[PDB]
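Notes follow once the structure below has been shown.
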Amino acid sequence: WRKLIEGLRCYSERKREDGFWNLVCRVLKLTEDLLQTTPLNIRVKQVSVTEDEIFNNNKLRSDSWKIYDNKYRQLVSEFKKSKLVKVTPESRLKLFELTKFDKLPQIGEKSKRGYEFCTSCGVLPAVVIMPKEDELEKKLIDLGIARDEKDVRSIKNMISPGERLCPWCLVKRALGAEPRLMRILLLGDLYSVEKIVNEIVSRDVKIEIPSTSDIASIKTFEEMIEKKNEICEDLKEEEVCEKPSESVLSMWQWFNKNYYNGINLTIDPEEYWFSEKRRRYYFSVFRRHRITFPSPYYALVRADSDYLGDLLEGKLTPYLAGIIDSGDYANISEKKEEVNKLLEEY
RNA sequence: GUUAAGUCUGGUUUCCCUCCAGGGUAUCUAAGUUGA
Ligand SMILES: Nc1ncnc2c1ncn2[C@@H]1O[C@H](COP(=O)(O)OP(=O)(O)NP(=O)(O)O)[C@@H](O)[C@H]1O
Ligand SMILES: [Mn+2]
Ligand SMILES: [Zn+2]
């Protein structure tokens with residue numbers, strides 16, 4: 001964790017320009033002793049086994065073959081018991097004096113109620129406060145966020161107006177800027193923390209991670225690219241149907257397979273057809289072309305396997321989900337019938 | 001044995017509808033949340 005955060009500090013210092021990287025530098029130096037703590041605690045449990053348990057002093061044993069199914073179950077038992085207490089990674093930090101006594105670095109705006117809460121985190125206090133979208137430059141510059149007019153556009157590119165950030169979620173934004181710093185962790189033990197920063201600052205590559213606006217507007221984009229110029233001549237002006245300037249690629253397969261198809265997929269729908277100053281013009285444009293105006297909804301599809309824990313424990317609740325409860329194993333003498341049937345079949 | 005003269009009456013009374021069928025079958029509805 002600390003190798004990643006320090007490699008991030010060095011990669012950001014390699015870019016004292018671009019505003020956002022400069023703000024990241026400026027607030028990292030103020031929050032180290034808070035950013036020392038990892039944002040994600042781990043639980044580690046071990047289980048021991050010796051030759052007293054496996055061998056009759058020269059060979060294997062009988063009930064030695066079952067020694068794994070016993071130690072694995074001991075391990076999972078202690079995991080289950082320790083999961084009875086959840087401690088959150090925020091409880092580890094020392095903030096009493098930093099909040100009671102104003103000590104927090106408030107680079108950005110200043111709260112009129114002590115400190116702000118992170119909009120991305122919810123619980124941690126905010127370090128980088130962004131003014132609301134009414135007049136930014138005339139504030140972003142007299143405050144400490146930006147230095148010029150050119151650097152606001154790059155700060156405003158990652159931190160929307162109004163986004164308060166805690167050190168952890170701000171570091172998350174920083175990593176999201178270019179997610180190639182992950183090789184500090186992805187490899188580890190293999191290259192220096194500086195080999196990688198040099199490699200990244202050498203071959204500059206920008207990535208476009210899709211927002212919920214991009215997902216909601218998928219079929220709209222798709223229906224604009226089957227009218228490549230037949231819709232472009234109408235606009236021809238607002239960079240929606242203009243050249244791919246750089247060679248930006250991304251992990252979104254649909255974005256990656258549909259980029260060189262006339263329409264610039266890296267526009268923000270919150271700017272064009274989800275905006276409040278535009279989108280009437282865009283309603284007209286889509287009306288004039290048989291374009292189904294986009295819905296603001298997307299699908300968050302989650303899925304988890306059923307009883308894979310018990311399955312690794314060789315239980316039968318995976319096999320009979322609902323019939324055999326997990327609690328039915330405490331005294332399995334009751335449901336002898338279904339287990340007998342299916343186990344014998346198998 | 002003879003004379004005369006016809007006169008009275010001018011269809012009534014019942015029954016005027018009874019019984020059964022008083023709707024049956026088929027369709028019972030089909031076809032068709034979007035933007036801030
Ligand atoms: N024996 C195991 N080895 C490795 N990972 C495990 C093991 N048991 C659980 N996990 C993972 O650690 C987490 C434990 O969550 P948990 O939900 O209890 O697992 P589970 O077996 O899937 N129970 P459930 O998902 O409710 O059916 C999940 O991310 C599991 O994928
Ligand atoms: Mn699971
Ligand atoms: Zn945060």
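Ordering of the structure tokens sets the chain letters (A, B, ...); residue numbers start at 1 within each chain; ligands are numbered from 1 in the order shown.
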Return as an MDAnalysis selection string the full set of residues in range 53-259 of chain A whose backbone-based DSSP assignment is strand (DSSP E or B). chainID A and resid 117 125 128 165 207 249
Give the residues of chain B that lie within 12 Å of chain A; count only C-alpha atoms (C1' of nucleotides), and format the answer as a ChimeraX atom specification. /B:34-36
Kindly save the residues from that selection, with N, CA, C and O atoms (P, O5', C5', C4', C3', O3' and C1' of nucleotides) included, as a PDB file, in the first residue's frame.
```pdb
ATOM      1  P     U B  34     -40.917   2.929 -20.305  1.00  0.00           P
ATOM      2  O5'   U B  34     -41.284   4.182 -21.212  1.00  0.00           O
ATOM      3  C5'   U B  34     -41.019   4.173 -22.605  1.00  0.00           C
ATOM      4  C4'   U B  34     -41.024   5.570 -23.168  1.00  0.00           C
ATOM      5  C3'   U B  34     -39.981   6.516 -22.599  1.00  0.00           C
ATOM      6  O3'   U B  34     -38.711   6.354 -23.201  1.00  0.00           O
ATOM      7  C1'   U B  34     -42.080   7.589 -22.618  1.00  0.00           C
ATOM      8  P     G B  35     -37.407   7.034 -22.551  1.00  0.00           P
ATOM      9  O5'   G B  35     -37.534   8.572 -22.936  1.00  0.00           O
ATOM     10  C5'   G B  35     -36.909   9.563 -22.140  1.00  0.00           C
ATOM     11  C4'   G B  35     -37.582  10.903 -22.287  1.00  0.00           C
ATOM     12  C3'   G B  35     -37.093  11.988 -21.345  1.00  0.00           C
ATOM     13  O3'   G B  35     -35.875  12.575 -21.760  1.00  0.00           O
ATOM     14  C1'   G B  35     -39.447  11.988 -21.375  1.00  0.00           C
ATOM     15  P     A B  36     -34.573  12.443 -20.830  1.00  0.00           P
ATOM     16  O5'   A B  36     -34.007  13.928 -20.766  1.00  0.00           O
ATOM     17  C5'   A B  36     -34.000  14.650 -19.539  1.00  0.00           C
ATOM     18  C4'   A B  36     -35.159  15.613 -19.438  1.00  0.00           C
ATOM     19  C3'   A B  36     -34.980  16.727 -18.407  1.00  0.00           C
ATOM     20  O3'   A B  36     -35.628  17.913 -18.869  1.00  0.00           O
ATOM     21  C1'   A B  36     -36.890  15.461 -17.862  1.00  0.00           C
TER      22        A B  36
END
```
Would you name the residues within 9 Å of ligand 1, counting only C-alpha atoms (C1' of nucleotides) and all ligand atoms, and put them as JSON, numbers by chain? {"A": [72, 76, 304, 305, 306, 307, 308, 309, 310, 311, 312, 313, 317, 318, 321]}
Would you mind exporting the chosen residues as a JSON list (two decimals), in the first residue's frame, restricted to N, CA, C and O atoms?
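Written output follows (out.json):
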```
[["chain", "number", "residue", "atom", "x", "y", "z"],
["A", 72, "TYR", "N", -8.82, -27.83, 7.18],
["A", 72, "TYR", "CA", -9.59, -26.87, 6.40],
["A", 72, "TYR", "C", -10.84, -26.43, 7.15],
["A", 72, "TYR", "O", -11.18, -25.24, 7.17],
["A", 76, "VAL", "N", -11.80, -22.66, 8.42],
["A", 76, "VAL", "CA", -13.03, -21.96, 8.07],
["A", 76, "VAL", "C", -13.84, -21.66, 9.32],
["A", 76, "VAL", "O", -14.54, -20.65, 9.38],
["A", 304, "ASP", "N", -23.86, -13.62, -7.31],
["A", 304, "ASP", "CA", -22.97, -14.41, -6.48],
["A", 304, "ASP", "C", -23.36, -15.88, -6.56],
["A", 304, "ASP", "O", -24.54, -16.22, -6.69],
["A", 305, "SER", "N", -22.36, -16.75, -6.49],
["A", 305, "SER", "CA", -22.62, -18.18, -6.51],
["A", 305, "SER", "C", -23.33, -18.61, -5.23],
["A", 305, "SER", "O", -23.33, -17.90, -4.22],
["A", 306, "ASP", "N", -23.94, -19.78, -5.29],
["A", 306, "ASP", "CA", -24.75, -20.30, -4.20],
["A", 306, "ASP", "C", -23.96, -21.35, -3.42],
["A", 306, "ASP", "O", -23.63, -22.41, -3.96],
["A", 307, "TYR", "N", -23.66, -21.04, -2.16],
["A", 307, "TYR", "CA", -23.09, -22.00, -1.22],
["A", 307, "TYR", "C", -21.73, -22.51, -1.67],
["A", 307, "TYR", "O", -21.39, -23.67, -1.44],
["A", 308, "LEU", "N", -20.94, -21.67, -2.33],
["A", 308, "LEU", "CA", -19.62, -22.12, -2.77],
["A", 308, "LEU", "C", -18.68, -22.32, -1.59],
["A", 308, "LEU", "O", -17.74, -23.12, -1.69],
["A", 309, "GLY", "N", -18.92, -21.64, -0.47],
["A", 309, "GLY", "CA", -18.19, -21.91, 0.75],
["A", 309, "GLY", "C", -18.43, -23.32, 1.22],
["A", 309, "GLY", "O", -17.49, -24.10, 1.39],
["A", 310, "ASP", "N", -19.71, -23.66, 1.44],
["A", 310, "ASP", "CA", -20.07, -25.02, 1.79],
["A", 310, "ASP", "C", -19.58, -26.02, 0.75],
["A", 310, "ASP", "O", -19.22, -27.15, 1.10],
["A", 311, "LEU", "N", -19.56, -25.63, -0.52],
["A", 311, "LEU", "CA", -19.12, -26.55, -1.56],
["A", 311, "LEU", "C", -17.64, -26.87, -1.42],
["A", 311, "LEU", "O", -17.24, -28.03, -1.53],
["A", 312, "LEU", "N", -16.81, -25.85, -1.19],
["A", 312, "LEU", "CA", -15.41, -26.12, -0.90],
["A", 312, "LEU", "C", -15.26, -26.95, 0.37],
["A", 312, "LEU", "O", -14.32, -27.74, 0.50],
["A", 313, "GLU", "N", -16.19, -26.81, 1.31],
["A", 313, "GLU", "CA", -16.27, -27.68, 2.47],
["A", 313, "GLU", "C", -16.94, -29.01, 2.16],
["A", 313, "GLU", "O", -17.21, -29.78, 3.09],
["A", 317, "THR", "N", -25.48, -28.60, 0.89],
["A", 317, "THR", "CA", -26.32, -27.45, 0.62],
["A", 317, "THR", "C", -26.17, -26.89, -0.79],
["A", 317, "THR", "O", -27.17, -26.40, -1.33],
["A", 318, "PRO", "N", -24.99, -26.93, -1.43],
["A", 318, "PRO", "CA", -24.97, -26.63, -2.87],
["A", 318, "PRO", "C", -25.85, -27.56, -3.67],
["A", 318, "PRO", "O", -26.48, -27.13, -4.65],
["A", 321, "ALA", "N", -30.43, -26.98, -2.38],
["A", 321, "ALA", "CA", -30.49, -25.61, -1.87],
["A", 321, "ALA", "C", -31.90, -25.31, -1.37],
["A", 321, "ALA", "O", -32.83, -25.13, -2.16]]
```
Might you pull out every residue within 7 Å of residue 165 in chain A, with only C-alpha atoms (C1' of nucleotides) counted and same-chain residues fewer than 3 positions away left off, and present them as an NGL selection string? :A and (118-120 or 126-129 or 169-170)
A:194, A:117, A:77, A:230 ranked by distance to ligand 3, top pick (using only C-alpha atoms and all ligand atoms): A:117
Among range 11-224 of chain A, which ones does DSSP place in alpha helix (DSSP H), written as a ChimeraX atom specification? /A:11-13,20-28,32-35,67-82,96-100,137-140,152-158,167-177,183-186,195-202,212-216,218-224
Expected file contents, prior selection, C-alpha atoms, as a CSV table (one decimal), in the first residue's frame:
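The new file again_3.csv reads:
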```csv
chain,number,residue,atom,x,y,z
A,11,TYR,CA,4.5,10.1,-10.6
A,12,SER,CA,2.5,13.2,-9.7
A,13,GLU,CA,5.6,15.2,-8.9
A,20,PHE,CA,-5.1,18.1,-11.1
A,21,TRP,CA,-1.7,16.4,-10.7
A,22,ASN,CA,-0.5,19.6,-9.1
A,23,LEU,CA,-3.4,19.6,-6.6
A,24,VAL,CA,-2.8,16.0,-5.9
A,25,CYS,CA,0.9,16.8,-5.1
A,26,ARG,CA,-0.2,19.7,-3.0
A,27,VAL,CA,-2.6,17.7,-0.8
A,28,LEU,CA,-0.6,14.5,-0.6
A,32,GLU,CA,0.9,11.6,4.7
A,33,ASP,CA,0.5,10.9,8.4
A,34,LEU,CA,-3.2,10.3,7.7
A,35,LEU,CA,-2.5,8.4,4.4
A,67,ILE,CA,-6.6,-34.7,8.0
A,68,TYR,CA,-7.1,-32.0,5.4
A,69,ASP,CA,-10.9,-32.1,5.6
A,70,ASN,CA,-10.4,-31.5,9.3
A,71,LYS,CA,-7.8,-28.7,9.2
A,72,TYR,CA,-9.6,-26.9,6.4
A,73,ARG,CA,-12.7,-27.0,8.5
A,74,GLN,CA,-10.9,-25.7,11.6
A,75,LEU,CA,-9.6,-22.8,9.5
A,76,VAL,CA,-13.0,-22.0,8.1
A,77,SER,CA,-14.5,-22.2,11.6
A,78,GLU,CA,-12.1,-19.6,12.9
A,79,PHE,CA,-12.8,-17.4,9.9
A,80,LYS,CA,-16.5,-17.7,10.6
A,81,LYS,CA,-16.0,-16.9,14.3
A,82,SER,CA,-13.8,-13.9,13.6
A,96,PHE,CA,-10.1,13.3,17.1
A,97,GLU,CA,-7.6,16.1,17.2
A,98,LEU,CA,-7.8,16.8,13.5
A,99,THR,CA,-11.6,17.5,13.7
A,100,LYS,CA,-12.0,18.8,17.2
A,137,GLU,CA,-12.2,30.2,-11.8
A,138,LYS,CA,-12.8,33.4,-9.9
A,139,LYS,CA,-12.7,31.1,-6.8
A,140,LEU,CA,-10.6,28.2,-7.9
A,152,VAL,CA,-8.9,24.4,-14.1
A,153,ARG,CA,-10.0,22.5,-17.3
A,154,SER,CA,-7.9,19.6,-16.1
A,155,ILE,CA,-9.0,19.8,-12.5
A,156,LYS,CA,-12.6,20.3,-13.6
A,157,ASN,CA,-12.0,17.2,-15.8
A,158,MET,CA,-11.6,14.8,-12.9
A,167,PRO,CA,-7.6,11.6,1.3
A,168,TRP,CA,-8.5,8.0,0.5
A,169,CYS,CA,-11.1,8.7,-2.2
A,170,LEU,CA,-8.9,11.5,-3.5
A,171,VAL,CA,-6.1,9.0,-3.9
A,172,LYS,CA,-8.7,6.8,-5.7
A,173,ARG,CA,-9.4,9.7,-8.1
A,174,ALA,CA,-5.7,10.1,-8.6
A,175,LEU,CA,-5.3,6.4,-9.5
A,176,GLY,CA,-8.3,6.8,-11.7
A,177,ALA,CA,-6.6,9.5,-13.7
A,183,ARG,CA,2.0,-2.0,-11.7
A,184,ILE,CA,3.5,-0.8,-8.5
A,185,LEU,CA,1.3,-3.5,-6.9
A,186,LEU,CA,0.5,-5.7,-9.9
A,195,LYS,CA,11.2,1.9,-13.1
A,196,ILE,CA,7.4,2.0,-13.4
A,197,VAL,CA,7.0,5.7,-13.0
A,198,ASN,CA,9.6,6.3,-15.7
A,199,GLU,CA,7.9,3.8,-18.0
A,200,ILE,CA,4.5,5.6,-17.5
A,201,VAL,CA,5.8,9.1,-17.9
A,202,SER,CA,7.6,8.0,-21.0
A,212,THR,CA,-23.2,5.8,-15.8
A,213,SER,CA,-24.0,8.4,-18.4
A,214,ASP,CA,-22.0,6.5,-21.0
A,215,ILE,CA,-23.8,3.3,-20.2
A,216,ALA,CA,-27.3,4.8,-20.2
A,218,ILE,CA,-25.1,3.2,-25.2
A,219,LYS,CA,-27.9,2.6,-27.7
A,220,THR,CA,-27.9,6.4,-28.5
A,221,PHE,CA,-24.2,6.3,-29.4
A,222,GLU,CA,-24.9,3.1,-31.4
A,223,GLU,CA,-27.7,4.7,-33.3
A,224,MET,CA,-25.6,7.8,-34.0
```
From A:241, A:143, A:303, A:330, residue lying nearest ligand 2 [only C-alpha atoms and all ligand atoms]: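 Counting only C-alpha atoms and all ligand atoms, the residue closest to ligand 2 is A:303.
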If you count only C-alpha atoms, the residue of A:316, A:159, A:107, A:5 closest to residue 132 in chain A turns out to be A:159
Any idea what's packed within 10 Å of residue 272 in chain A, counting only C-alpha atoms (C1' of nucleotides), ignoring anything in its chain fewer than 6 positions away? Could you give it as a ChimeraX atom specification? /A:238,240,278-282
Writer output for current selection, N, CA, C and O atoms, as an mmCIF file, in the first residue's frame:
```cif
data_model
loop_
_atom_site.group_PDB
_atom_site.id
_atom_site.type_symbol
_atom_site.label_atom_id
_atom_site.label_comp_id
_atom_site.auth_asym_id
_atom_site.auth_seq_id
_atom_site.Cartn_x
_atom_site.Cartn_y
_atom_site.Cartn_z
ATOM 1 N N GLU A 238 -19.748 20.118 -33.109
ATOM 2 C CA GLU A 238 -19.628 20.019 -31.659
ATOM 3 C C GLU A 238 -18.784 18.831 -31.206
ATOM 4 O O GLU A 238 -18.953 18.348 -30.081
ATOM 5 N N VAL A 240 -18.865 15.835 -31.437
ATOM 6 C CA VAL A 240 -19.479 14.516 -31.325
ATOM 7 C C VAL A 240 -19.081 13.654 -32.514
ATOM 8 O O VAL A 240 -18.671 12.497 -32.359
ATOM 9 N N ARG A 278 -28.203 22.444 -22.867
ATOM 10 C CA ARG A 278 -28.457 21.702 -24.091
ATOM 11 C C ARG A 278 -29.586 20.704 -23.833
ATOM 12 O O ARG A 278 -30.347 20.851 -22.873
ATOM 13 N N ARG A 279 -29.717 19.703 -24.703
ATOM 14 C CA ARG A 279 -30.663 18.591 -24.691
ATOM 15 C C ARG A 279 -32.037 18.985 -25.217
ATOM 16 O O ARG A 279 -32.803 18.102 -25.600
ATOM 17 N N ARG A 280 -32.342 20.265 -25.361
ATOM 18 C CA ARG A 280 -33.509 20.616 -26.154
ATOM 19 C C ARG A 280 -33.124 20.699 -27.620
ATOM 20 O O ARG A 280 -33.816 20.150 -28.487
ATOM 21 N N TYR A 281 -31.996 21.355 -27.888
ATOM 22 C CA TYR A 281 -31.352 21.246 -29.187
ATOM 23 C C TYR A 281 -31.118 19.790 -29.558
ATOM 24 O O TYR A 281 -31.352 19.386 -30.703
ATOM 25 N N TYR A 282 -30.682 18.976 -28.600
ATOM 26 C CA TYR A 282 -30.428 17.578 -28.916
ATOM 27 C C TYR A 282 -31.710 16.773 -29.029
ATOM 28 O O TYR A 282 -31.757 15.810 -29.800
#
```
Taking 3 positions as the minimum chain separation for residues in the same chain, which residues sit within 12 Å of residue 265 in chain A when counting only C-alpha atoms (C1' of nucleotides)? Answer as a ChimeraX atom specification. /A:208-211,213-215,217-222,224-225,239-245,248-250,252,254-262,268-269
Store the residues picked out above, limited to C-alpha atoms, as a compact mmCIF listing (two decimals), in the first residue's frame.
```
# COMPACT_ATOMS: atom_id res chain seq x y z
CA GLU A 208 -11.54 6.50 -20.82
CA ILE A 209 -13.46 4.76 -18.04
CA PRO A 210 -17.20 4.94 -18.80
CA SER A 211 -19.56 6.77 -16.49
CA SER A 213 -24.04 8.44 -18.43
CA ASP A 214 -22.03 6.51 -21.02
CA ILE A 215 -23.79 3.25 -20.16
CA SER A 217 -26.46 6.35 -23.60
CA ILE A 218 -25.06 3.19 -25.22
CA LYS A 219 -27.86 2.64 -27.72
CA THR A 220 -27.94 6.37 -28.47
CA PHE A 221 -24.25 6.29 -29.38
CA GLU A 222 -24.86 3.10 -31.35
CA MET A 224 -25.61 7.82 -34.03
CA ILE A 225 -22.80 5.73 -35.55
CA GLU A 239 -16.91 17.30 -31.76
CA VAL A 240 -19.48 14.52 -31.33
CA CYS A 241 -18.85 13.50 -34.95
CA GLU A 242 -15.26 14.76 -35.11
CA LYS A 243 -11.84 13.17 -35.39
CA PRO A 244 -10.35 10.79 -32.83
CA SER A 245 -7.56 13.14 -31.77
CA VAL A 248 -7.12 6.77 -26.24
CA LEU A 249 -8.24 3.19 -25.61
CA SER A 250 -10.09 1.59 -22.71
CA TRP A 252 -14.76 -1.29 -22.05
CA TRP A 254 -17.92 -1.97 -26.59
CA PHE A 255 -16.12 1.36 -26.34
CA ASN A 256 -13.02 -0.32 -27.76
CA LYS A 257 -14.73 -2.03 -30.70
CA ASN A 258 -16.73 1.09 -31.68
CA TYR A 259 -14.26 3.97 -31.43
CA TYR A 260 -13.13 4.35 -35.07
CA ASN A 261 -16.71 4.53 -36.30
CA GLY A 262 -17.14 8.28 -36.88
CA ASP A 268 -19.87 13.23 -21.64
CA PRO A 269 -23.64 12.78 -22.13
```
What separation in Å, quoted to one decimal, exists between CA of residue 160 in chain A and CA of residue 131 in chain A?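 Between CA of residue 160 in chain A and CA of residue 131 in chain A the gap is 9.2 Å.
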What is the CA of residue 141 in chain A-CA of residue 164 in chain A distance in Å, reported with one decimal? 17.2 Å
For CA of residue 207 in chain A and CA of residue 40 in chain A, quote the distance in Å rounded to one decimal.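 Taking CA of residue 207 in chain A as the start and CA of residue 40 in chain A as the end point, the length is 25.3 Å.
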Determine, counting only C-alpha atoms (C1' of nucleotides), which protein, DNA and RNA residues have an atom within 9 Å of an atom of residue 37 in chain A; residues of the same chain fewer than 5 positions away are not included. Present the result as a VMD selection string. chain A and resid 1 to 2 89 92 to 93
